[PDB]
Each structure stands twice: as C-alpha cells, then as structure tokens.
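A.B. asks: As they're listed, the protein sequences go chains R, M, G, H, N, L, Q, O, P and S.
Residue 1 is where the first sequence starts when you use the entry's author numbering, and the numbers rise one by one after that.
Residue 1 is where the second sequence starts when you use the entry's author numbering, and the numbers rise one by one after that.
Residue 1 is where the third sequence starts when you use the entry's author numbering, and the numbers rise one by one after that.
Residue 1 is where the fourth sequence starts when you use the entry's author numbering, and the numbers rise one by one after that.
Residue 1 is where the fifth sequence starts when you use the entry's author numbering, and the numbers rise one by one after that.
Residue 1 is where the sixth sequence starts when you use the entry's author numbering, and the numbers rise one by one after that.
Residue 1 is where the seventh sequence starts when you use the entry's author numbering, and the numbers rise one by one after that.
Residue 1 is where the eighth sequence starts when you use the entry's author numbering, and the numbers rise one by one after that.
Residue 1 is where the ninth sequence starts when you use the entry's author numbering, and the numbers rise one by one after that.
Residue 334 is where the tenth sequence starts when you use the entry's author numbering, and the numbers rise one by one after that.
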Amino acid sequence: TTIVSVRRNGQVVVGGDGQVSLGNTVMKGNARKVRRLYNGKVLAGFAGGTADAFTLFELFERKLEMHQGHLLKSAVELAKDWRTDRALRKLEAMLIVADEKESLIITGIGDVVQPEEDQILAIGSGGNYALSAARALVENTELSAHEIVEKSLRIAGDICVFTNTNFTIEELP
Amino acid sequence: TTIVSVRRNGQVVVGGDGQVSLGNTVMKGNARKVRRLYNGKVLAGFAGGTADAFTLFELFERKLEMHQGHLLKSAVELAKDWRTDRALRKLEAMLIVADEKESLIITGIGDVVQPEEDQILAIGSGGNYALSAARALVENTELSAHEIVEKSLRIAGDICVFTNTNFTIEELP
Amino acid sequence: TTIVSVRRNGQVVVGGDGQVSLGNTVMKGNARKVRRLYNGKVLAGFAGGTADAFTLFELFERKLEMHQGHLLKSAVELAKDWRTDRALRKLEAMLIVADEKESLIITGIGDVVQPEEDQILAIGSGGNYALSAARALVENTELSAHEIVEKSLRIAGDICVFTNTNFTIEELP
Amino acid sequence: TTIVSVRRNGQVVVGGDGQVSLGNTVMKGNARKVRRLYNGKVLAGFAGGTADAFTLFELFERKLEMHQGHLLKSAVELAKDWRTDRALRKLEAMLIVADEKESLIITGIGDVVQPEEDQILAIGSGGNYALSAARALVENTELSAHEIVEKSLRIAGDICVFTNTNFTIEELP
Amino acid sequence: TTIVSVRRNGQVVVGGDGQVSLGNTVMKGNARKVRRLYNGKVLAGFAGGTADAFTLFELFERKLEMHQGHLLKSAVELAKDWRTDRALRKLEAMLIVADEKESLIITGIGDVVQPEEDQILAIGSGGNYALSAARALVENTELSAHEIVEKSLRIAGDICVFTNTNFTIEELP
Amino acid sequence: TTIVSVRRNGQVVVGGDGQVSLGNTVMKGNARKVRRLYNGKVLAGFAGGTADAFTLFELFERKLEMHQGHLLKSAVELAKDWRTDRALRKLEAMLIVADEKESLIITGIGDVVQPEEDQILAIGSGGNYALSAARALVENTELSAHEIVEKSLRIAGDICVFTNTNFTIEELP
Amino acid sequence: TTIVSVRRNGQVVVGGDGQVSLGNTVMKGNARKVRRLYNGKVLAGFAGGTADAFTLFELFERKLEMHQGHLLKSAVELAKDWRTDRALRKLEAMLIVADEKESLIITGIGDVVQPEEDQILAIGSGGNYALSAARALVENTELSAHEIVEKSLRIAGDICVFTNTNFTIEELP
Amino acid sequence: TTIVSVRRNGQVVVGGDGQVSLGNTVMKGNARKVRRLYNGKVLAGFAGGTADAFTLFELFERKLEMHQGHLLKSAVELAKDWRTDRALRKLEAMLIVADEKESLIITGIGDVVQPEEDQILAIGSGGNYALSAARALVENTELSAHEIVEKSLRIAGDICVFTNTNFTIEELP
Amino acid sequence: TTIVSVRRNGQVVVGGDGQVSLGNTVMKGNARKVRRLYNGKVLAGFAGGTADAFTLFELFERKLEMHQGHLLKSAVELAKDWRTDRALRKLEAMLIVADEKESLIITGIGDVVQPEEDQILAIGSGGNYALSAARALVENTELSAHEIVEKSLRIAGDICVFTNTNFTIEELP
Amino acid sequence: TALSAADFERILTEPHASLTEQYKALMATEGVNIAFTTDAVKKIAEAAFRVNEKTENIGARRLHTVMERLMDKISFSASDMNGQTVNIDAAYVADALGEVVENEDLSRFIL
C-alpha cells in the first residue's frame, strides 16, 4: 500500500490508497486503508497484508477503549505486550495513528516511533515516494495538510505498482 | 482449481471445476468444489489443497449453524478466531461464500473481503482468467449470472493447466 | 506489459498498454508497445525485456525488408536464424505481428506460433487476462475487433500490476 | 507433451497430443507434434522445448536428405555431430522417429536409442503413462497399432496436466 | 512404492510391491505393503515411508475396531481428527482402503477421496504407471480385478526404480 | 547514487550526489557523478557500477564525437550496438544525458528512453525519491530547474543510505 | 547504528548516532540511542533493531531497580536468565552499559563481556570503525573521553552507511 | 560407522568399526559401537551420530528390562512410542539388535524391520559395502558368521572414509 | 577458539587461547577460556560461542557440586539430561573437563567422550592443529604436559585465524 | 419448532398470566386501566421477531425485553395518572420504542 500523514495548521490528515495486491495481480482496488477509532477521535492507517495488518488494528483499539483514547499511552501499552518474556506472536504490519494531539507509527513487532521535526509519516511499499513528495511540499509550499496528503498520494501511486489512485483520506478535527 | 461467482438479477451463482491435482498429475477429475451450507441457504466454493481447504469449510459451517446463517457475522466471527493472541493455526486455502443477501471471500489466514461494485468473485489458480471473462461478460452482455459463470469457467479451463471443463454449479434461490 | 490482437470482419487490431516497469516501480507510463512496420502495412506489438524486445523487433523488420513484406515467410526466415548450428543469441522478448492476411506470434529463441481458430493472440504478464476477456467477447458479442481489444486491455490493466491503462492501439484497414 | 509409438502387424504408428504449455498456462491446444519427413516415408514426433524440438527435427531432416532416407544411418550420423570434439550445442528436445523398417528415439545431446522387444516408444512429460497403457494393450489385446496409440494417448492426457486430448496420429502403410 | 486397487465383478483386489527404499539403495525387498484389517473384513495398502505410513495404518484400525468396521465412517472419523483446532501432527503417507462395499484413499494430512467412476486406485511413486495400465485393461479387457492388479503392478515395477516385481496381493471376499 | 534532471524555462539541469559506496561502507564522498561532454554543450550523469558507468559514458562520448554532437542520434547509434547479432557486452550502468534540446536516459544493454511529459528524469538507488520530490515541486511551485534539482537531491540523500549530500550540479544555458 | 564508550580520567562517556534504518532507507534520523538509567546513575547505549534492542534495555532496568543499581550484579542476574533450562527467548541486540564504577556489553543471547585493558567499547555496524579511531586517540592523544567519543563517532558515520553525524552523548558524573 | 550382523549355524554375530567422525576429521578411533544388553542376552550395534544414537540405545534397554528381554516385543513397544498422537521426539540413528532367537533393525523414527531370508543386517555409511560382502560370503562360502562379519567389516573400512579397521565384535551364545 | 589438554607424569594441563571472535573481527582478545571448578578440583575449557558455551559450563558445575566432584558421574548425569524424552534444549558448544583422575569432553548435545590411549584432548576451530602438535610432542619428546600444551597452543594460533597467542593455562595438582 | 410472527402474537395473550394481562393488572393496582388493541399486538410480536432475526434468537424471552421498553413510559408515571384508560394501539407502539437495525459489522472489520 501507500499510507501518508501530514500535519499543518492544527490539521492532522491521514491518507492511503485502496489496492489489495495478491502476488502481482490486483484483487480489490477500493479498500479503505484509513479507518477511524474511538468514536472518531483517532485516525489509523495500516499497511502489511490484510490479516496481521488488521489484528494489529484491533489490538490498538482494545487499548484505546481501555485508556480513555490516550494515544501515546495506548501505543506503549501495546508495544510493551511484545517486549515481555511471553511474546505476543509477531505481526507482519505497521500502523500510522494520529489524533489532535500526537501522531505515531506502531509496528507489530513491538515498537513505537515518533515523527521527525516536520511531523510527516508514511508507510507501505509506496511509502518513501509519498514521504518525499510530502517533505517537498511542506517545506516549499503553503498547501494544507489535506492538499499535501492528496498530492503526495498520487505521486506515489504513479511509481509504486502496488499503489493506485483510488484513495480514502481522513482528517481531524 | 477455478472458482467463480457472479450476481445478476437477484441471482447468485457459484461455480467451480472438478480437478484434484497432485504435482503435475491429475488424481481425481469430477470433484465437487462448490457445496451447499445451512440447509441450502448458502453457497461455498473452495480452493487451496484439500485438507486445509476442507477444514476451512467446516469451520465456517460450525459458525453458521451457531449464528442463524448470518453470512457476514459468521464470516467475521470466524476471521476473529485468527486475529487473536492465540491463533487458530493457519490454513492454506480460501472460500467464496454467498447467500441471497451477500457474497464473500474468506481466507484461512483470518480475513474477510467484500467484492468490488460489480459483485464478481473468483479464486484459485484459474481465478483471474474467470474473473476476466466474467467482468467482460457482465459489463458487455445480458447473459444471466448462471450463463456467465458457466461461460467464464470454460474460458479458464482452457488456459489453466490445473482446471478442467468438468464443473459443478450451484445457484440461489 | 499486455499486448492483445483480435481479427474479425476483415479487420486486424493490435493493442497494448504503456507501462515500462523497472522492478516494482514504474519508470514510464506512456510507452508505445505497438508499432507499424514495412510502410505501415504490418503491425507489431512487443512484450518482454525492453532492449531485447526492441532488437527482436528491429530484426523482424530487416527480414520484412528483404522479403517483400511476406509476414509468414519473414517470420520463418528469422526463426531459422536460431534453429541452426551457429546460435543467434536468446532474446527475452516476444512479438505479435500481423498484416492484412496473417496474425503471428514470434519469440526470441526462434519459433513462430499461429493462433488457434478464434484468431486471438496475447502476450505479456497481463496476456491471459486480455486473452480471457477477448475470447469471451469474441464468442458472445458482435463487438468490433477494435472494441474487443480496447475492452480486454483494460480488463487486464485492472488485474496486472505491470499493465496500466494508457493504450496504443493500431488496426489494419 | 505425450508422444507414443506402437508398431504391430507391419504397421507403425506415431501419435501425440497438441498442448503447447507456457508455464502453467496453455498457449495453443491444436499443435501438431507429429509430422512426416522425407517424402512422407518417415514419421517424427517431438517433445521437449518448442524451438529446440523444432531445430532437432529440422536437423534430422537435413540428414535424412543426405542419406537416401536411411532412418538408422541418419540418426547415427546426426548423433555423431554431438559425440565429437567440436560440440554441436545441447538441445532440450527428443524425437521419436520411424519408417517402414525401424522405430528410434533420438535426443538433443546425441544418442540414438532402440526400443525394447515390444517395439513401443514414448516421450514427453506424459510419456510413461502412454507407455504403461500401451504395454498393457499390446500384451493383452489384439488391438491394432493405431487403436493402442489412440487409447494410450488419452489415458495419458487424463493424467498429465500438460497433455490434452487433441491428438495428431500418423501411421505408416 | 506402487499400490493399486481394481474392482470388477463383486471383486475388490489390492496389490502392492515389496521394496523398502533407502536413498537410492534397496534395504528390504519382500516387505508386505498390503495388510488385512478387522478380522479380514478390509484391505489396506500403504505408501509413504515406513514410520508415518504405519502410524496412519494403526490410526485407521483404532477407528474401525471402534465403529464396527464401517469403512466410510471410520475414514471420516479419522480425517476429522486432522481438520480440528488441535491438529493430529501430520503424516507423510497415504492409504488405499477397501472392503466389499466401498474403497477409499486416506491421506495423513486429513482428507478422504473416493475413486472416479471406474473404481481404480493407485498410490506411491509407481502410482500412475499402474493406474495407467489398470484403466487400459479395465476399459479394454475382460480380465478379473485380480489379473489386472497383477498385470498393472508389473508394468509399474519395470518403470519405477522404487518398485519391484516382488508383490503381495489381497482380495475380497 | 541519485541523479536527477529537471528541464524548465529553457533551462536544463542535471545533478547528483557524490557517494561512492563499496558494500555498506563508504569509499569516497566527493565524487563527481555528472560531467560535461562534447565541448561542454551536453550534460551526462551516471548511476550503476563505477567502471561500467564510466565505460558507458566514454562510449556515448565517442559517439557524440562522430555525429556532430546530435544527442538523439548519438544515443540511438550507441543503442544499436547492443541491439544486434554481435553483442557489445551488457554494462551495469545508466546515464542521463541532456543538451539544449533533449533530455534522455540511456542504459547499458542498449535502449534509449525519453522522459514523460513533465521532462523529469532520475536514476540511481535514490532515483524515485528525487523523482517524487521533483514532480511535486515542478507541479506545485515556480521554482527554477536548478532549485528543484538541488532540493530533490537532498530530500533523497536523506532517505537513501547510498546517497549523500555533497552534490555536483550542472545546468545548460 | 555506531555506539562507542571511552573512559579516561574518572570520566565515562557513551555516545551513539541517531539513524533508524529500514532496508536501505532512513526512516528516522534523530533517534536517541544512548539513554540514562537508575535516576541517572548508569548509561546505556543499544544497537540491534528497535524491538529486541528495546526489550533488552527494559529487562536490564527491571534488574537494576531490583539490585540497588549494582551494574555488574544486575548484568549477571540478567545473563543468567538466558543460561537456564527454560530460556528467555532470544534477542537480536546488544547493550553497552556503564556507571562511575564499571562498563559492560550485554547481549540478548545471555552473555556479559568486560572491556579490554584500554576500557573502550563499541557496538553496531559502525562499531569497529569507532573502536579503531577511539583506540587510535586514547593511545596517542590527551583528549578527554568525551572529545574522543565525539571524534570517533563522526569518523564512523563517514564510513558506515547506517550511521549518521546526528548523535547524542551522555557522560558520568 | 559400518555395523553388520550375520547369522549362521545357531550363531549370531554383530560387528562394527570404531571411528567417531566429526566433519571430515577423526576424533576417536577405538569407540565400541556394539554393546551387550540384558546381562549379555542381546547384542546391539548403533549408527547415527553419538547423542541420538545413544538415547535410542537406552530407550531399548528400559524396554528390555521391562519385558523380560523379549526382543521382538521390546522392539515394538518402543516403536509404538513414536507412532502415537504425542510423538517421542525423533532420533537421527538406528540400531541392529539380536539375541539367540531373532535379529532386528530399529530406527529412532519409530519402525522395526526384519531381515530378508539370508538373515544379514548392516547399517551406517559403510552399511551396504559390508552387506554386499556378507551376502557374497554367506551365499558362496562355509565361513562362520564370525569370520564373515570380520571379513565384511574390513572390506567396508577400505571403501568408506568414515569407517576404520579398528572394530569390536560380539557373538551369541 | 583452540582448547587443548595433555596428561603426562601425573600431570593434567588444560590450555586455551583468549580470542572472542565476532564475524571476522576480534572483539576481545584476553578472555579466559579455561576455568577452575569445585574449589579448584577440576579444570574446564570451553569452546562454541559464549552463551551456550557458558550455560554448558554452569550446568556441569551444578552437577559437580551435587555429586561430590565425581567428574565421570557428574558428566553422565549431565549427558542423561539430554538423552531423555523431554530434552534440555541443545547447546552449540563443548567442554574439556579434567581432574587428577580422569579427563573428558562433553558436548551440549548430550554425549561424553573419553580420550584415546595417549590422553590428549583438543576442541575448537584450532582444535586439530593443537592435537597434531600435541601428539607429535608427546610421542617424540620428554616435555612436560605443561610445556606441550604451551607449545601446541602457539602452533595452533599461527594457523587458525580465530586463535591467538594470548592464552591462559591451568594444571593439576 | 421455533416461534414465528403469529406464534409470538398468541403467546402474548392466550397463556395464563400473559404479558398483556400481567401489565393490565400490575398497572390496575396503580389505579390505571390499559387497552391492548389487536392491531397493536401484531406490532409487538412482529417487532420482537424482527429483533430475533437480526441478533441472537433468545426466543419468547424477547417479548419481555420489548414490553419493558413499551411499558416504560407508563410504569413510571402511572401513580401520578390515577383513573385513566390509555389506549395502546399501532400508533403508540410504533412511536414507543423506535427502530432496531443491525449493528455495523461490515465497515468495522472487513476490507
């Protein structure tokens, strides 16, 4: 997939295309890759092959609706469930989560990562392509975080063969 | 195998050939790949090597005859049995299930996928060949969902070396 | 790529997408994979690796030039420069060539192949997809050659992650 | 492919299917894998890769031309162009050749092989299948050469995923 | 190995050679591969490397002498012991079982397969060779199911390098 | 490496980093991967293995010398020395060449490629990063060619572990 | 990463760069690789891919705030948790820990290593490069342990492609 | 190793060399490979790399001194401990056991094999060499089972590079 | 490592170098590879990668300080902890243990080996080199077991790239 | 057998101490009379059935949870409305509970 998240002017956007790839064929091309969590309080975009990509999503929910939607705490509470003696399996996927306050990237291996100063996050095969266009724009244009996510996603769909121009974008507030 | 499902005019058809392949040899060529579930309320076609292909079938039954035949719910209840802490093994197979209401594709890895706007589903080695002929027909002909499944299956038996022209088709109502 | 050719009603059409893909990224999207040879009286579409595809094409051209454009003889003459003692050099590329009278598929290890009765030919990773879609339309509609080509090409670009939708179609009055 | 030959009652028959398979897909189904050489006085059936199969055949022909069509001598002469200092180039293809007097099986690395007592020869992925079925019929019925060929071929097309049922049989008065 | 079973005229025969292979060497060449079960009510032939091949045999016995020798039910009761949540290991072997009523083939992976219309079953490396000679005979001769198994086994020992002409045949009634 | 080229406002710029990396270590950081050819009227930047990159470059130069510096003809002439009977020898390197009139990308197996409409070209491990960044800037700002090159180069040196930030940029008045 | 620790004149310094690498791309470049433990009593630098690298860090903390910050004892208490009958998983990472008293290197495989006479420690891909510059300096200059760690880290960022010049250094007291 | 056992004239001998091989080096060359069991009632020779080779030995003892030294029963009781639901690990080794009554070969995979009519058994890399000389002798000489084992072992030490002429032989009564 | 042990004139020496190798680099070069056990009653030298090498050491201690320092019994009590139903993991290492009475070599796979007549033991990559020099000396010189171990260790440090001339030797009494 | 729409209509009155009677009496003690018209019994049986075929089929016990939502408005302020005959008909039952469509299953965990 390509999942990217930009944050500019009290705006937090999170977009992603909609191509479910199986081998080098395309099985579904509309798929919603960015979903809403905690009654609409947090944004989550996933990447990494359905199954794991999903069970990682669920596990972060059972942690938000058990910590009052405190993103950062929910994140770490989840991460710690991997860094123990008795591991929590291992997930072939990663998430980009963000609410009005913070934005993160959580891997099903048990680690939480905070963005770099510019506050831009991308994941998936088309990842860095979007992240390159994003930084390009954020640092040289006035465009809103939505316009940028929109623009960056397309740039990435035209280079990644596992990313299409059929995307779903969500923003906060 | 080649398993395809078309839905046109309150019609839901699900077909599949009948070739059990072992290596590059053919062991059985009549095999019924599309079976009926819940007293004839739902259609299920499988693909993915006997054993797992079957145990996936059974597991979806024990979920239907425990949820009043609610396809979607039965599907998700089954998927969730993989997305937990203690996994449910992992099956090398997938199913195409459909009743009068909805139609789905469930993988033994723990994911449920809904068709794309045209409501066409195919799985197995000969999968995309049938899906290509199906979309071709649905979008350019008046043929019934049965005629199409019938036609699409043959087109795929003549291209896939693991699919024959000996198929079994089931429809609802 | 995906190159397909349908011949119906004294019409011969050869169409193909335009996606040059390096690895899993996309370098060019407007590539012309179908071109006219011997004073526009013969069509050629090529799949396989770029360079070889080209040399394989440039080779058939020189042959065409030396034989008054006899498609069939030129094909054989060229095949015969591989089927001998002193090899020519295996080329990883196939061509689909056609003129008013014949449709042929030539490969880079020398061997010319004629279509089956239906007179439909397709090559490339997304070949069989176009081939399936094409056989379906030719057998169940009165659509012109051109339309069937155009239609199948898309049906395939939608399944192959290496085939896009920017087509280049050529027909032979 | 599957190519088999039975010789019984002053009759020599060589038959084979017509499935050209590229990978696990099927490109052509009406292929003629058995042809007549030297003024129709000798039968040739070929298995292996297409191109090589053809060059190995075209080579045996030139030999037959230079040796008044002596099947046995031509085979040896040809084999001797591999069994020397200056290699000819290993071909991945075998031929089953036969004329009024002899039945032989020639390979692409040069080595002629004679049948065992029963005078039955078979080559191709579905070779042994045809071979088994043929040995059974020759040893337990009065069926003509032609019938046994026809029968075995099918028994084999039914087991080999690379052999179809479209046969091309040639007998020698 | 080569294990074959023919059924003609209320006759159920089950033969198999006696070569225990280790690497490309022969360790024992008399081995009984077809045994009797349930006081002589059912025939069982195995293939697949001693150990597993045996524990599969035993597991089908503990199921017969616990279901009144009901072949089909015993089979499925056994198969279901693999298709559950908690698997039953996995066996590298398969069995051909048959009584006066039915005949089957059970794999230690958890699947039961019924013959095709002709009622002929073969397993093991020499499998298809026997199956080819069997079908050849059954469909073209009057020979008894015993004579056929006998004949088919030899045809297969002369082609498979892991099969000898030292076999043990059992029949019912 | 990362080599990118933007053409905008009668200006053509070719720029690239300077990191020669041997394995996962770094040998030189101030390498000049872009140089001037044919009396400084044409720019050339090269990615791929060092030596090959150089021979590929020195080759195009000889060609440029023999054809009055016609960028387009020289490229083709050079390509044609691979696209023939007597191979030239596959070179693991690509060049981006540009003069007042054209921008082109030439590879070591012979094949000249033109840019897409936007007139942007990039090669090297860090290619697509520069490419994404560049497309973004060209489509959303009035930045000069030079600036966009400089800008994208960095955005890519920041993502690619093989591209550093020591640039060498050349523009064509 | 590149993590190095020098000890000179009652000084204990521990530096490390800040590059989180994913494949051959750079995901985060500011990351703090050297953290403080036990209220600021001990220094810890890690290397070995986030997850494990972290859980190794935590496990050494739960052992310090359970042994009064006795480095050596905490170390061994941790190591012994791997050298038992029931292992403690296995971590793909290693730590350099040091307080006013001692300095160590603990691997998530269960072993503790003491420096060599010069009291210099380095770990990570950029390891030996820093360790080489460090020894070079310590043995031939008067520079403070901080200046040395600072200087040695840069030398290693300019050779390792997985190490940058963006580091974080901590010292005691 | 090379372990061979011959039985002639109420005599049961069991020999084996004494070379413990590690890689392609020899670690110990006197090792006793044939031991005595049940107060001297049964002979046991092992092969298959120390550890497993040994634990297989002990397990057959705890079964003899729990079944009154009934070889055959002790064998099967042991074999059955592998053919159950809950396996008994898996041993990389095999034993040749023999008392005045019977002689066997038991593998740590769970199978028991009886000799062929001549009553000769061999195991280990040098296995078949000894078995070849043994059969040679038994069938063409009058030599005692001891003389033969002795002679056969040497023939095998001179061909196997993992077998020496330093052997230990045991016989019954 | 290179660990060697010679025994001459009521003398038991056990030497080993001190090079801890990581990949093809040297991490620590003073390491004590020969340690003392049971208040100084037994000598132990290990080889096989820290971790396992160590836990194998500890497990032999918990067995000596539980059997009154009876080397041979402690050895076998430890070996038997691997040869059971429920294994004791598996260690990638081996030990050379010796007291005034006996000397042994214990592997973490579960086996105990006694020296050959000359009473010389060596283990590790540099093993056989020392063992070669040792036997050379013992059999042709009067040198003490200490002088020999000393000499043999150096001979092996100059041939093994994982062995140095920085060793630690221990002797009894 | 399972209980249909019609079967839920009868179980609501015919049985001794049926829910129609139990509430007629438990609300008569408050001094209030209540009429359960027939066109309103259908909309309670074929409204408790609609819920058993879109959730767990708890059976007849579904009627109790439905009634308790219907006799929710009355049960509270029944004392403060002494001596009144309230007509519970199709119009009342309809706008007494509301509507009950399936959860959200899909859009939540399915791609």
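Note that beta-carbon positions come from the ideal geometry of N, C-alpha and C, so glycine has one too.
(1) Is the beta carbon of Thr-370 of chain S within less than 7 angstroms of some heavy atom of the ligand FMN?
(2) Anything in chain L within Cβ reach of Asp-158 of chain Q, meaning under 8 angstroms, just list it in chain order.
(3) Consult DSSP for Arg-8 of chain P and reduce its assignment to one of helix, strand or coil.
(4) Going along chain M in order, which residues have a C-beta closer than 7 angstroms to the C-beta of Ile-155 of chain G?
(5) Give the residues of chain H in contact with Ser-152 of chain M, contact being defined as C-beta atoms less than 8 angstroms apart.
(6) Determine the contact status of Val-42 of chain H and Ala-130 of chain H, defining contact as a CB-CB distance below 8 angstroms.
(7) Taking C-alpha atoms, which residue in H:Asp-111, H:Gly-69 and H:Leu-22 lies nearest to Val-161 of chain H?
(8) Are three or more beta carbon pairs between the stretch 90-109 of chain N and the stretch 116-125 of chain H nearer than 8 angstroms?
(9) From which residue to which residue does the beta strand (DSSP E) around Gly-157 of chain L run?
(10) Could you have a look at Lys-63 of chain G and say whether DSSP puts it in helix, strand or coil?
(11) Taking C-beta to C-beta, are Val-6 of chain H and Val-138 of chain H nearer than 8 angstroms?
(12) How about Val-161 of chain Q: is its C-beta nearer than 8 angstroms to some C-beta of chain P?
(13) Indicate the three-state DSSP secondary structure (helix, strand or coil) for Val-138 of chain P in the structure shown.
(14) Which residues in the same chain as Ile-159 of chain G place their Cβ atom closer than 8 angstroms to its Cβ, once the five residues preceding and following it in sequence are excluded?
(15) Whole angstroms is fine: what's the gap from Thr-25 of chain Q's alpha carbon to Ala-93 of chain L's?
(16) Can you find the residues in the same chain that come closer than 8 angstroms, C-beta to C-beta, to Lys-387 of chain S, ignoring five residues on each side of it along the sequence?
(17) In this structure, how does DSSP classify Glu-171 of chain H when only helix, strand and coil are distinguished?
(18) Count the other CB atoms, across all protein chains shown, that sit within 10 Å of the CB of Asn-39 of chain G; report buried if there are 16 or more and exposed otherwise.
(19) Buried or exposed for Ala-335 of chain S, going by 16 or more other Cβ atoms inside 10 Å?
(20) Would you report the Cα separation of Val-149 of chain H and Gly-29 of chain H, rounded to the nearest angstrom?
(21) Could you work out which residue in G:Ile-169, G:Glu-142, G:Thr-50 and G:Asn-9 is closest to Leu-153 of chain G when comparing CA atoms only?
(22) Would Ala-133 of chain M pass as a contact of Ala-136 of chain G if the rule is Cβ separation under 8 angstroms?
(23) For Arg-32 of chain M, which residues from the same chain have a beta carbon less than 6 angstroms from its beta carbon, with the 5 sequence-adjacent residues on both sides left out?
(24) Flag residue 182 of chain R as yes if its beta-carbon sits less than 8 angstroms from any beta-carbon of chain S, otherwise no.
(25) Within 10 Å of its beta-carbon, does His-67 of chain M have 16 or more other beta-carbons around it, so buried, or fewer, so exposed?
(26) Going by DSSP in three states, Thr-107 of chain H sits in which element: helix, strand or coil?
(27) To the nearest angstrom, how far is it from the Cα of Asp-85 of chain H to the Cα of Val-112 of chain H?
(28) Between which residues of its own chain and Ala-47 of chain H is the CB-CB distance below 6 angstroms, once the five residues before and five after are set aside?
(29) Who does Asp-99 of chain G pair with in a DSSP beta bridge?
(30) Rounded to whole angstroms, what's the CA-CA distance from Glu-142 of chain O to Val-12 of chain O? Just pull it up for me.
(31) Who are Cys-160 of chain O's beta bridge partners in DSSP?
(32) Cβ closer than 8 angstroms: which chain G residues qualify as neighbours of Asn-128 of chain L?
(33) Beta strand (DSSP E) containing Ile-120 of chain G: first to last residue?
(34) At the 8 angstroms Cβ level, is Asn-164 of chain M part of the contact set with chain G, yes or no?
(35) What residue range is occupied by the uninterrupted beta strand (DSSP E) comprising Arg-395 of chain S?
C.D. replies: Put simply:
(1) The ligand FMN is not part of the structure shown, which contains no ligands of any sort.
(2) Residue mapping note: residue 158 of chain Q aligns to position 158 of the seventh sequence, counting from 1. Correct list: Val-26 and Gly-29.
(3) Along the ninth sequence, read from residue 1 onward, the residue named residue 8 of chain P stands at position 8. Three-state result, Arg-8 of chain P: coil.
(4) Working through the third sequence from its first residue, we reach residue 155 of chain G at position 155. Under the 7 angstroms cutoff, chain M gives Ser-132, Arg-135 and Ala-136.
(5) The count along the second sequence starts at 1 and reaches residue 152 of chain M at position 152. None at all; the shortest Cβ gap to chain H is about 16 angstroms.
(6) Your numbering for residue 42 of chain H matches position 42 in the fourth sequence. Your numbering for residue 130 of chain H matches position 130 in the fourth sequence. No, these two residues do not count as a Cβ contact at 8 angstroms.
(7) Taking the fourth sequence and counting its residues from 1, the one referred to as residue 161 of chain H is at position 161. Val-161 of chain H has its Cα closest to that of H:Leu-22, out of H:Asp-111, H:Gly-69 and H:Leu-22.
(8) no
(9) Position 157 of the sixth sequence, counted from the start, is the residue given in the question as residue 157 of chain L. Not the beta strand (DSSP E): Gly-157 of chain L falls in the alpha helix (DSSP H), residues 145-157.
(10) Taking the first residue of the third sequence as position 1, residue 63 of chain G is located at position 63. Three-state result, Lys-63 of chain G: helix.
(11) Position 6 of the fourth sequence, counted from the first residue, corresponds to residue 6 of chain H. Position 138 of the fourth sequence, counted from the first residue, corresponds to residue 138 of chain H. Yes, Cβ-Cβ distance for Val-6 of chain H and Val-138 of chain H is below 8 angstroms.
(12) Sequence index remark: in the seventh sequence, residue 161 of chain Q carries index 161 (1-based). No - not a single Cβ of chain P is within 8 angstroms of the one on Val-161 of chain Q.
(13) Taking the first residue of the ninth sequence as position 1, residue 138 of chain P is located at position 138. Helix at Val-138 of chain P.
(14) Sequence index remark: in the third sequence, residue 159 of chain G carries index 159 (1-based). Excluding residues within five positions, the ones whose Cβ falls inside 8 angstroms are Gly-126 and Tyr-129.
(15) Here residue 25 of chain Q refers to the residue found at position 25 of the seventh sequence. Here residue 93 of chain L refers to the residue found at position 93 of the sixth sequence. The alpha-carbon atoms of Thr-25 of chain Q and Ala-93 of chain L are separated by roughly 21 angstroms.
(16) By one-based count along the tenth sequence, residue 387 of chain S stands at place 54. Once the five neighbours on either side are set aside, the close Cβ partners of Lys-387 of chain S are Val-433, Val-434 and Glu-435.
(17) Here residue 171 of chain H refers to the residue found at position 171 of the fourth sequence. Of the three classes helix, strand and coil, the one that applies to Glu-171 of chain H here is strand, per DSSP.
(18) Residue 39 of chain G sits at position 39 when you count from the first residue of the third sequence. So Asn-39 of chain G counts as exposed.
(19) On the tenth sequence, position 2 is the one that residue 335 of chain S refers to. The residue in question, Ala-335 of chain S, is exposed, as its Cβ has fewer than 16 Cβ neighbours within 10 Å.
(20) Taking the first residue of the fourth sequence as 1, we reach residue 149 of chain H at position 149. Taking the first residue of the fourth sequence as 1, we reach residue 29 of chain H at position 29. Answer to the nearest angstrom: the Cα atoms are 19 angstroms apart.
(21) Taking the third sequence and counting its residues from 1, one reaches residue 153 of chain G at position 153. It is G:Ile-169 whose Cα lies nearest to the Cα of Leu-153 of chain G.
(22) Translated into positions along the second sequence, residue 133 of chain M becomes position 133. Translated into positions along the third sequence, residue 136 of chain G becomes position 136. Yes, they are a contact pair.
(23) As a working mapping, residue 32 of chain M is identified with position 32 in the second sequence. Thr-168.
(24) In this structure chain R extends from 1 to 173, so residue 182 of chain R is not present and cannot be described.
(25) Here residue 67 of chain M refers to the residue found at position 67 of the second sequence. The residue in question, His-67 of chain M, is buried, as its Cβ has 16 or more Cβ neighbours within 10 Å.
(26) Within the fourth sequence, numbered from 1, the residue matching residue 107 of chain H stands at position 107. In this structure, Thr-107 of chain H counts as strand in the three-state DSSP scheme.
(27) Within the fourth sequence, residue 85 of chain H is the residue found at index 85, counting from 1. Within the fourth sequence, residue 112 of chain H is the residue found at index 112, counting from 1. Rounded to the nearest angstrom, the two C-alpha atoms are 19 angstroms apart.
(28) Sequence index remark: in the fourth sequence, residue 47 of chain H carries index 47 (1-based). So the qualifying residues of the chain are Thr-1, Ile-3, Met-94, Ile-123 and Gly-124.
(29) Here the question's residue 99 of chain G lines up with position 99 in the third sequence. Looking at the DSSP assignment, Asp-99 of chain G forms a beta bridge with G:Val-42.
(30) Within the eighth sequence, numbered from 1, the residue matching residue 142 of chain O stands at position 142. Within the eighth sequence, numbered from 1, the residue matching residue 12 of chain O stands at position 12. Straight-line Cα distance between these residues: approximately 15 angstroms.
(31) The sequence position of residue 160 of chain O within the eighth sequence is 160, counting from 1. DSSP output for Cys-160 of chain O lists no bridge partner at all.
(32) Here residue 128 of chain L refers to the residue found at position 128 when the sixth sequence is read from its first residue. Here the neighbours are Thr-25.
(33) Position 120 of the third sequence, counting from 1, holds the residue named residue 120 of chain G. That run of the beta strand (DSSP E) goes 120-123.
(34) Along the second sequence, one-based indexing puts residue 164 of chain M at 164. Not an interface residue.
(35) Along the tenth sequence, read from residue 1 onward, the residue named residue 395 of chain S stands at position 62. Per DSSP, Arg-395 of chain S belongs to no beta strand (DSSP E); it is in the alpha helix (DSSP H), 394-403.
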